[PDB]
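Undergrad: This is the structure I have questions about; it appears just below.
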Number of protein chains: 4
Amino acid sequence: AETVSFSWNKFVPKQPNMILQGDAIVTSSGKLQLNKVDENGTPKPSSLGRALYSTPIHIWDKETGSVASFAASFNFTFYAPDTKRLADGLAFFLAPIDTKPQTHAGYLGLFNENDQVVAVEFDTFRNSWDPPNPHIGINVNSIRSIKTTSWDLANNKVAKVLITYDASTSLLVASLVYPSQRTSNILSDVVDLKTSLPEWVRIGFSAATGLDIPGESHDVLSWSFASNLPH
Amino acid sequence: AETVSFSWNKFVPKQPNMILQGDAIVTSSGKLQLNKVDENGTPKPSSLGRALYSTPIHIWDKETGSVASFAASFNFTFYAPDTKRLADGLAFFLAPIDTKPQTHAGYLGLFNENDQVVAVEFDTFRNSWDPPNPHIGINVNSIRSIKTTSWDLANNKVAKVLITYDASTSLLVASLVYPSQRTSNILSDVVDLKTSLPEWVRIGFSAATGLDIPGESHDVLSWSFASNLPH
Amino acid sequence: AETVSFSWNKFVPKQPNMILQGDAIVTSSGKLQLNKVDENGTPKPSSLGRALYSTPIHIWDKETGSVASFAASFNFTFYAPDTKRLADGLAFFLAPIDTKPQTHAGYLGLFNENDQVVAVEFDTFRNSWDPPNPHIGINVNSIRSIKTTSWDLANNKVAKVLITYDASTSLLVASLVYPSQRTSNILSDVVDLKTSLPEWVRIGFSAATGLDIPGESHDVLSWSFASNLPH
Amino acid sequence: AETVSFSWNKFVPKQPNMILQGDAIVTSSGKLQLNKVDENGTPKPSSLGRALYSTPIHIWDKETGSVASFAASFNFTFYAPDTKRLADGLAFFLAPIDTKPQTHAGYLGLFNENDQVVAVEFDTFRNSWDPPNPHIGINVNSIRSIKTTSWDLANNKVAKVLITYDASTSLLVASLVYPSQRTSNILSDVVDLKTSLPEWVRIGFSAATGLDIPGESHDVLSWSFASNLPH
Ligand SMILES: [Ca+2]
Ligand SMILES: [Ca+2]
Ligand SMILES: [Ca+2]
Ligand SMILES: [Ca+2]
Ligand SMILES: [Mn+2]
Ligand SMILES: [Mn+2]
Ligand SMILES: [Mn+2]
Ligand SMILES: [Mn+2]
């Protein structure tokens, strides 16, 4: 079958395996820093970074019908200078090889008002299509999440996320954990790949600050991934 | 370091790697059937099976302070002839090498009213120390769960469970999923091994029917496990 | 399918996963010491230790015809007080669950002059059925190796061995390496399991000193193993 | 640390993970076909293909001194229309990111008469610097192998190769196996990466036909790889 995996405890600046977009950049310290921030450490409004993984992923195969299974994990935080005023969020996702960034702020650089994406979002800001409070969601080829759940967030604290997709059931599952707070959320729903994405995709993250406010920074510290594409 | 892993898609009757206790037995079909049932398929009250994995697990090391990390997964169902009347449940756990079964019914063969166990229970029946409704819990050296969460159960449907223990934080996390229902629960809390168990343990399951009612059968279909004990 | 794996960088004295036989014992230092030795460090003639791994291994399945694949690695040395006078050797092997030791000296505790073993031997001493010089051999249900190759040995130096069995071809392959000497041997031949062993076996090592001379000590420092039994 | 792995049972034509050079191309059948061949199936002289793996590999790290370990395996054949007349061979290797092909025929597209390569060659043709007979060799930053061993080749038969590099000893080991012939060769020597390659490299294969004769075709059927870069 087809196999791939990768794992990093830290990010190496100017690493030839990640592809950076927008404001996205890797620090000396070793963080994937998605959004732009002030020397004061403050986030800057209307910011938006994306970050891809160079090798492409054969997610499903047309001749054989075969569908991959896969899993991904990451350590991430966010910094919010004013917790009463957040936005806009962070997503993990999969798109097509030549994906460039869409709309910002509430679109988390993924969708536009009027392009073949599957994603899991961690939304901080209640848009028109949003539910109340921060949440986690599954976006299948659209920004209006097909399912959501509250997101019990904590500022400046480390979140450990885990995403799994089980080809067998077409069941995607996302869980988030604040060990710092012994806190946990889970969300699950079925998604069909064979019809919402292309045989080969690329993966990564997207994150966006407030359109008209700073909102919160979005740094990613670790990344892990593996996939299996049976014949 | 120390490594171990194992994985089964099915159970082989009379397999020399699992140790059966009580009513516990493996069917031809390939199920680990924990509790006793009528030819009519019905569960029989005051039933109780346990099931262990032969090789012992070096969970932590005294000389070096080192603590393992580990993870386990399983497919399991339960059969309840009358869903208004359930009990008593199923636990996954770790105990000491020479562990034999404790009390039944509400003790899930793990504790006695007055012995060095860490477990995750899926309790169906509201005992004195229980919270309302079915739940999932973390029992550290006792039957009174240190944390719980609702358990969104479904009769006769397949549940996929995942348990992880992260030595780094001493954070144990349990999640359950009904893909059949696109349903999900998670529970997390910190637990100290070095003080609630012995350097070497054995793992397995325990399950129990109604004391005075049939309650529900408890079959396990798959098992997966892996551990890492750094130096 | 069926999976198992284990890995140790060191041996823990009195570990409940290994089963010791004969003179076999684990030192404080962390070595699996197979044969008996003088305080002077000298080997003692007519010595013989064996060492097993507790969990049993489902090597092949009768109902389904399925055959495992597997691989094993180890760091081992030998100490010879007089290199002109060696014997008798070390083997790695697989036998049936209830295997106890056979004949010593030239039988490496595996065979008797007149019991269901597959093994790879590292023979130091030219017996009647031996080829000239030290060698490596594949013994299928007998002490008369079906194939051999020279063994370019070095006293007191670390050897890294690797053994692989490819169910697909029934091809067993053994390689030995002295990184200290940038030295290497390989041997390969086909072996049928389904007819030379039982569905379930146990694995381990066997080693033996000179019958009437000290010969050489045989210590094992690390062990690694993994198996896969498809359906 | 840094981890990567990949595995293919077959090659997918026009796959976005492999980079093709020269005559190198992937067939419908699923073979990586390195050299050009006649409809009659014949190889064509002065042919030369190379093939790379897109993601780059962090082989060693300057700040931390750290060196990777790695391993690779492949199924490969060659077709020789006239076995008395062979050339020129196949190599596996690692080079720098922007590597393009060097000289052909006896240089296996790797070196030029007067560029930072480590490779393992399977040479069919006795050049000026060659030893007698086909052989296997380790080329550290040059075409004159630092070590060789006979290569017991068989035309049109499947060879299974395995390459390992153990950072701990700086010991590279290569083994080749013809299960069809129950045949085996091994070669090992120490190599310093930190001084013969760049922190980041790319890997692949190179293969070349006769300069003035057809020689032999060189197809690769499978590929496997994994690396670990500790901190
Ligand atoms: Ca929103
Ligand atoms: Ca209860
Ligand atoms: Ca002998
Ligand atoms: Ca040559
Ligand atoms: Mn949303
Ligand atoms: Mn309870
Ligand atoms: Mn012999
Ligand atoms: Mn050469």
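As shown in the structure tokens, the chain order sets the letters A, B, ...; within each chain, residues go from 1, and ligands are also counted from 1 in the order they appear.
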Looking only at the backbone, which of the residues in segment 1-225 of chain D does DSSP tag as strand (DSSP E), as a compact mmCIF listing (two decimals) with N, CA and C atoms, in the first residue's frame?

TA:
```txt
# COMPACT_ATOMS: atom_id res chain seq x y z
N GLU D 2 13.71 13.96 14.39
CA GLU D 2 13.07 14.08 13.11
C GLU D 2 12.82 12.75 12.48
N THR D 3 11.59 12.56 12.10
CA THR D 3 11.21 11.31 11.53
C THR D 3 10.52 11.41 10.22
N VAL D 4 10.87 10.46 9.39
CA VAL D 4 10.21 10.28 8.14
C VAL D 4 10.24 8.81 7.74
N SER D 5 9.23 8.46 6.98
CA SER D 5 9.13 7.16 6.39
C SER D 5 8.16 7.20 5.23
N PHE D 6 8.40 6.28 4.32
CA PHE D 6 7.55 6.01 3.22
C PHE D 6 7.71 4.57 2.71
N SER D 7 6.66 4.06 2.05
CA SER D 7 6.63 2.68 1.54
C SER D 7 5.65 2.55 0.38
N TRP D 8 6.08 1.92 -0.74
CA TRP D 8 5.31 1.60 -1.97
C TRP D 8 5.55 0.16 -2.38
N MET D 18 7.85 11.31 -6.45
CA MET D 18 9.11 10.97 -7.09
C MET D 18 9.43 12.07 -8.15
N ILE D 19 10.71 12.36 -8.32
CA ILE D 19 11.18 13.24 -9.36
C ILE D 19 11.99 12.43 -10.37
N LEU D 20 11.58 12.46 -11.63
CA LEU D 20 12.25 11.68 -12.66
C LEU D 20 13.31 12.45 -13.40
N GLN D 21 14.45 11.78 -13.68
CA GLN D 21 15.49 12.41 -14.46
C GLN D 21 15.93 11.53 -15.59
N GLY D 22 16.41 12.18 -16.63
CA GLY D 22 16.88 11.48 -17.80
C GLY D 22 15.83 10.58 -18.38
N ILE D 25 11.56 6.65 -16.06
CA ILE D 25 10.13 6.81 -16.19
C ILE D 25 9.38 5.70 -15.51
N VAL D 26 8.10 5.95 -15.14
CA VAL D 26 7.28 4.90 -14.52
C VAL D 26 6.22 4.29 -15.45
N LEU D 32 9.56 1.16 -11.93
CA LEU D 32 10.39 2.33 -12.16
C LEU D 32 11.42 1.86 -13.11
N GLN D 33 11.28 2.30 -14.32
CA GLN D 33 12.17 1.88 -15.38
C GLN D 33 13.22 2.91 -15.66
N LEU D 48 20.57 6.48 -19.77
CA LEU D 48 20.81 6.86 -18.35
C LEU D 48 19.66 7.62 -17.72
N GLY D 49 19.01 6.95 -16.72
CA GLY D 49 17.92 7.48 -15.88
C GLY D 49 18.33 7.61 -14.40
N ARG D 50 17.74 8.59 -13.74
CA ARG D 50 17.87 8.84 -12.30
C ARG D 50 16.47 9.08 -11.72
N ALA D 51 16.31 8.98 -10.40
CA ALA D 51 14.98 9.08 -9.77
C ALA D 51 15.08 9.46 -8.32
N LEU D 52 14.43 10.56 -7.99
CA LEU D 52 14.54 11.12 -6.69
C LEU D 52 13.26 11.13 -5.89
N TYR D 53 13.43 11.31 -4.62
CA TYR D 53 12.29 11.39 -3.77
C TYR D 53 12.13 12.83 -3.36
N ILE D 57 15.73 15.21 2.99
CA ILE D 57 16.00 14.51 4.22
C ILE D 57 17.04 15.15 5.03
N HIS D 58 16.65 15.45 6.21
CA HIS D 58 17.55 16.06 7.13
C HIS D 58 18.40 14.97 7.70
N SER D 69 20.12 8.15 11.26
CA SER D 69 20.20 6.75 11.01
C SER D 69 19.14 6.47 10.02
N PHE D 70 19.36 5.49 9.22
CA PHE D 70 18.38 5.32 8.25
C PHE D 70 18.47 3.96 7.61
N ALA D 71 17.42 3.64 6.91
CA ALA D 71 17.38 2.38 6.24
C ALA D 71 16.48 2.43 5.05
N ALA D 72 16.87 1.67 4.03
CA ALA D 72 16.17 1.62 2.79
C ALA D 72 16.13 0.23 2.15
N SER D 73 14.99 -0.10 1.56
CA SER D 73 14.93 -1.36 0.88
C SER D 73 14.26 -1.24 -0.49
N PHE D 74 14.66 -2.15 -1.43
CA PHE D 74 14.05 -2.23 -2.77
C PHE D 74 14.18 -3.58 -3.46
N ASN D 75 13.14 -3.90 -4.27
CA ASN D 75 13.04 -5.06 -5.19
C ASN D 75 13.50 -4.56 -6.56
N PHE D 76 14.55 -5.17 -7.10
CA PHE D 76 14.98 -4.76 -8.41
C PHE D 76 15.53 -5.88 -9.19
N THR D 77 15.35 -5.75 -10.53
CA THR D 77 15.89 -6.64 -11.58
C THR D 77 16.63 -5.85 -12.60
N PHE D 78 17.20 -6.64 -13.48
CA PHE D 78 17.86 -6.15 -14.63
C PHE D 78 17.67 -7.14 -15.75
N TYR D 79 17.59 -6.63 -16.94
CA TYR D 79 17.47 -7.48 -18.09
C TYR D 79 18.67 -7.34 -19.01
N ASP D 88 25.87 -0.93 -17.49
CA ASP D 88 26.98 -0.56 -16.59
C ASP D 88 26.58 -0.65 -15.13
N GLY D 89 25.28 -0.66 -14.86
CA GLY D 89 24.94 -0.73 -13.49
C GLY D 89 23.84 0.20 -12.99
N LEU D 90 23.75 0.15 -11.63
CA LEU D 90 22.73 0.78 -10.80
C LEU D 90 23.33 1.14 -9.46
N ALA D 91 22.94 2.32 -8.96
CA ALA D 91 23.35 2.81 -7.66
C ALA D 91 22.17 3.33 -6.90
N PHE D 92 22.31 3.38 -5.58
CA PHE D 92 21.30 3.98 -4.73
C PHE D 92 22.04 5.07 -4.13
N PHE D 93 21.42 6.19 -3.84
CA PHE D 93 22.29 7.20 -3.27
C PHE D 93 21.62 8.38 -2.68
N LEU D 94 22.51 9.16 -2.17
CA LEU D 94 22.16 10.38 -1.56
C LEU D 94 23.10 11.43 -2.01
N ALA D 95 22.45 12.51 -2.35
CA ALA D 95 23.05 13.68 -2.85
C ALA D 95 22.36 14.91 -2.30
N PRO D 96 22.83 16.07 -2.76
CA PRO D 96 22.25 17.32 -2.36
C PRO D 96 21.01 17.66 -3.16
N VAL D 118 27.25 10.15 -1.73
CA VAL D 118 27.41 8.90 -1.10
C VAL D 118 26.52 7.88 -1.77
N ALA D 119 27.12 6.79 -2.16
CA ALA D 119 26.33 5.82 -2.84
C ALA D 119 26.78 4.41 -2.67
N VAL D 120 25.83 3.51 -2.91
CA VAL D 120 26.04 2.09 -3.00
C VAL D 120 25.72 1.64 -4.41
N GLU D 121 26.74 1.10 -5.08
CA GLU D 121 26.63 0.69 -6.46
C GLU D 121 26.65 -0.77 -6.59
N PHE D 122 25.97 -1.19 -7.64
CA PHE D 122 25.90 -2.54 -8.12
C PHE D 122 26.44 -2.53 -9.53
N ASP D 123 27.76 -2.57 -9.63
CA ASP D 123 28.51 -2.45 -10.88
C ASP D 123 28.73 -3.79 -11.65
N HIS D 135 30.17 -6.51 -8.73
CA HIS D 135 30.45 -6.26 -7.38
C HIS D 135 29.49 -5.26 -6.80
N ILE D 136 29.63 -5.08 -5.55
CA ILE D 136 28.86 -4.13 -4.88
C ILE D 136 29.84 -3.24 -4.23
N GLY D 137 29.54 -1.96 -4.13
CA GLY D 137 30.53 -1.06 -3.58
C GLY D 137 29.96 0.15 -2.86
N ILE D 138 30.81 0.70 -2.07
CA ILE D 138 30.47 1.85 -1.33
C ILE D 138 31.32 2.97 -1.82
N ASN D 139 30.66 3.98 -2.39
CA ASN D 139 31.35 5.10 -2.93
C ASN D 139 31.13 6.33 -2.07
N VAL D 140 32.20 6.77 -1.46
CA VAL D 140 32.10 7.94 -0.62
C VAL D 140 32.78 9.02 -1.38
N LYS D 147 35.16 0.10 -0.66
CA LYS D 147 35.07 -1.31 -0.38
C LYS D 147 34.16 -1.95 -1.41
N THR D 148 34.38 -3.22 -1.65
CA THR D 148 33.57 -3.95 -2.59
C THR D 148 33.36 -5.35 -2.16
N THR D 149 32.44 -5.97 -2.79
CA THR D 149 32.35 -7.39 -2.64
C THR D 149 31.74 -7.93 -3.89
N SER D 150 32.04 -9.19 -4.16
CA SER D 150 31.43 -9.82 -5.30
C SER D 150 29.91 -9.67 -5.25
N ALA D 159 15.92 -9.21 -7.03
CA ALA D 159 16.85 -9.00 -5.97
C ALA D 159 16.23 -8.14 -4.89
N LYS D 160 16.44 -8.54 -3.67
CA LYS D 160 15.95 -7.74 -2.58
C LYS D 160 17.15 -7.17 -1.82
N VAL D 161 17.21 -5.86 -1.81
CA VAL D 161 18.34 -5.18 -1.20
C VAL D 161 17.99 -4.49 0.11
N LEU D 162 18.96 -4.45 0.99
CA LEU D 162 18.75 -3.74 2.23
C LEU D 162 19.99 -2.96 2.66
N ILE D 163 19.76 -1.69 2.98
CA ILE D 163 20.80 -0.74 3.30
C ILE D 163 20.53 -0.11 4.62
N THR D 164 21.55 -0.13 5.46
CA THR D 164 21.43 0.44 6.78
C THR D 164 22.64 1.18 7.19
N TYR D 165 22.32 2.28 7.83
CA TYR D 165 23.30 3.17 8.34
C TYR D 165 23.03 3.47 9.76
N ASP D 166 24.01 3.08 10.56
CA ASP D 166 23.97 3.19 11.99
C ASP D 166 24.86 4.30 12.52
N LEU D 171 28.47 3.08 10.65
CA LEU D 171 28.67 1.87 9.88
C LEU D 171 27.56 1.64 8.93
N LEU D 172 27.93 1.66 7.67
CA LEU D 172 26.99 1.42 6.62
C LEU D 172 27.07 -0.02 6.21
N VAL D 173 25.93 -0.61 5.95
CA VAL D 173 25.85 -2.05 5.64
C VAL D 173 24.89 -2.28 4.50
N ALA D 174 25.29 -3.09 3.51
CA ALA D 174 24.40 -3.33 2.39
C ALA D 174 24.27 -4.76 2.13
N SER D 175 23.05 -5.25 1.98
CA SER D 175 22.91 -6.66 1.65
C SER D 175 21.96 -6.90 0.54
N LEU D 176 22.24 -7.93 -0.21
CA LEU D 176 21.46 -8.22 -1.40
C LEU D 176 21.01 -9.65 -1.38
N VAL D 177 19.79 -9.88 -1.80
CA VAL D 177 19.34 -11.24 -1.74
C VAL D 177 18.50 -11.70 -2.92
N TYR D 178 18.87 -12.87 -3.48
CA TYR D 178 18.11 -13.53 -4.55
C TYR D 178 17.39 -14.73 -3.96
N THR D 183 20.35 -16.95 -2.58
CA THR D 183 21.68 -16.33 -2.73
C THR D 183 21.84 -14.98 -1.97
N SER D 184 23.06 -14.73 -1.44
CA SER D 184 23.21 -13.58 -0.57
C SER D 184 24.60 -12.96 -0.49
N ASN D 185 24.65 -11.65 -0.61
CA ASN D 185 25.89 -10.93 -0.39
C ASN D 185 25.74 -9.78 0.62
N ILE D 186 26.83 -9.55 1.29
CA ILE D 186 26.86 -8.45 2.21
C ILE D 186 28.18 -7.70 2.13
N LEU D 187 28.09 -6.41 2.39
CA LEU D 187 29.23 -5.51 2.38
C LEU D 187 29.01 -4.49 3.49
N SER D 188 30.08 -4.14 4.23
CA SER D 188 29.97 -3.13 5.30
C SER D 188 31.25 -2.29 5.49
N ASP D 189 31.06 -1.02 5.73
CA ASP D 189 32.19 -0.18 6.00
C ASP D 189 31.71 1.08 6.67
N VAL D 190 32.62 1.80 7.33
CA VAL D 190 32.24 3.04 8.00
C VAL D 190 32.38 4.26 7.11
N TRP D 200 21.03 18.43 4.68
CA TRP D 200 19.80 18.03 3.99
C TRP D 200 20.16 17.43 2.65
N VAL D 201 19.59 16.28 2.35
CA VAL D 201 19.88 15.66 1.07
C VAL D 201 18.60 15.16 0.47
N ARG D 202 18.72 14.59 -0.70
CA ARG D 202 17.65 13.87 -1.38
C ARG D 202 18.13 12.47 -1.79
N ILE D 203 17.22 11.51 -1.89
CA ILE D 203 17.69 10.20 -2.24
C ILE D 203 17.08 9.62 -3.48
N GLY D 204 17.70 8.57 -3.97
CA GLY D 204 17.17 8.02 -5.17
C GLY D 204 18.08 7.02 -5.74
N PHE D 205 17.81 6.76 -6.99
CA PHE D 205 18.53 5.78 -7.75
C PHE D 205 19.07 6.38 -9.02
N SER D 206 20.10 5.72 -9.56
CA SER D 206 20.71 6.04 -10.84
C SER D 206 21.10 4.77 -11.56
N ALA D 207 20.98 4.76 -12.87
CA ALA D 207 21.26 3.51 -13.58
C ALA D 207 21.69 3.78 -14.99
N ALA D 208 22.59 2.96 -15.52
CA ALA D 208 23.10 3.25 -16.83
C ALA D 208 23.44 2.05 -17.65
N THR D 209 23.03 2.14 -18.93
CA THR D 209 23.37 1.15 -19.93
C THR D 209 24.73 1.36 -20.53
N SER D 217 18.93 -3.68 -18.91
CA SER D 217 17.94 -2.76 -18.38
C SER D 217 17.99 -2.76 -16.83
N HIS D 218 17.50 -1.71 -16.21
CA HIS D 218 17.51 -1.63 -14.75
C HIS D 218 16.17 -1.10 -14.26
N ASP D 219 15.25 -1.99 -13.89
CA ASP D 219 13.94 -1.58 -13.31
C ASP D 219 13.85 -1.77 -11.78
N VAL D 220 13.24 -0.80 -11.11
CA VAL D 220 13.01 -0.88 -9.67
C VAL D 220 11.53 -1.10 -9.39
N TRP D 223 9.88 0.44 -3.09
CA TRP D 223 10.80 1.26 -2.37
C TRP D 223 10.36 1.49 -0.93
N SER D 224 11.32 1.38 -0.02
CA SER D 224 11.02 1.64 1.38
C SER D 224 12.06 2.40 2.10
N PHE D 225 11.60 3.35 2.93
CA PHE D 225 12.57 4.18 3.61
C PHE D 225 12.13 4.80 4.91
```

Undergrad: Please, which residues have at least one atom within 6 Å of an atom of ligand 4, using only C-alpha atoms and all ligand atoms, listed as a CSV table (one decimal) with C-alpha atoms, in the first residue's frame?

TA:
```csv
chain,number,residue,atom,x,y,z
D,106,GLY,CA,30.6,3.8,-16.1
D,123,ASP,CA,28.5,-2.4,-10.9
D,125,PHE,CA,31.2,-3.7,-15.8
D,126,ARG,CA,34.9,-3.7,-15.1
D,127,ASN,CA,36.2,-0.2,-15.6
D,130,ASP,CA,37.1,-1.7,-10.9
```

Undergrad: Which residues are near residue 63 of chain C? Cut-off 12 Å, only C-alpha atoms, ignore same chain within fewer than 6 positions. Put them as an NGL selection string.

TA: (:B and (12 or 28)) or (:C and (194 or 199 or 231))

Undergrad: Figure out the distance between atom CA of residue 167 of chain D and atom CA of residue 153 of chain C, please, to one decimal in Å.

TA: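 That distance, rounded to one decimal, is 23.1 Å.
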
Undergrad: At a cut-off of 9 Å, using only C-alpha atoms, what residues contact residue 37 of chain A? Leave out same-chain residues fewer than 4 positions from it and give the result as a list in words.

TA: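 Here the answer would be residues 41, 42, 43, 44, 47, 214 and 217 of chain A.
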
Undergrad: Would you please work out which residue, of A:169, A:112, A:227, A:196, is nearest to chain D when using only C-alpha atoms?

TA: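 Closest to chain D, using only C-alpha atoms: A:227.
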
Undergrad: Leaving out residue 111 of chain D and any residue of its chain fewer than 5 positions from it, which residues lie within 9 Å of it when counting only C-alpha atoms, given as an MDAnalysis selection string?

TA: chainID D and resid 101:104 116:117 141:143

Undergrad: Work out how far apart atom CA of residue 170 of chain C and atom CA of residue 97 of chain C are and give it in Å to one decimal.

TA: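 Taking atom CA of residue 170 of chain C as the start and atom CA of residue 97 of chain C as the end point, the length is 22.2 Å.
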
Undergrad: Considering only C-alpha atoms, state which residue in the set B:81, B:30, B:16, B:45 is at the smallest distance from chain C.

TA: B:16

Undergrad: Tell me, in Å to one decimal, how far atom CA of residue 152 of chain B is from atom CA of residue 11 of chain B.

TA: 26.6 Å

Undergrad: Tell me which protein, DNA and RNA residues are within 7 Å of residue 10 of chain D, counting only C-alpha atoms, leaving out same-chain ones fewer than 3 positions away, and put them as a PyMOL selection string.

TA: chain D and resi 30-31+221-222

Undergrad: If you keep C-alpha atoms, can you produce a file of those selected residues as a PDB file, in the first residue's frame?

TA:
```pdb
ATOM      1  CA  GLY D  30       4.023  -0.138 -12.102  1.00  0.00           C
ATOM      2  CA  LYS D  31       7.846  -0.471 -12.606  1.00  0.00           C
ATOM      3  CA  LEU D 221       9.786  -2.371  -8.374  1.00  0.00           C
ATOM      4  CA  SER D 222       9.419  -1.296  -4.732  1.00  0.00           C
TER       5      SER D 222
END
```
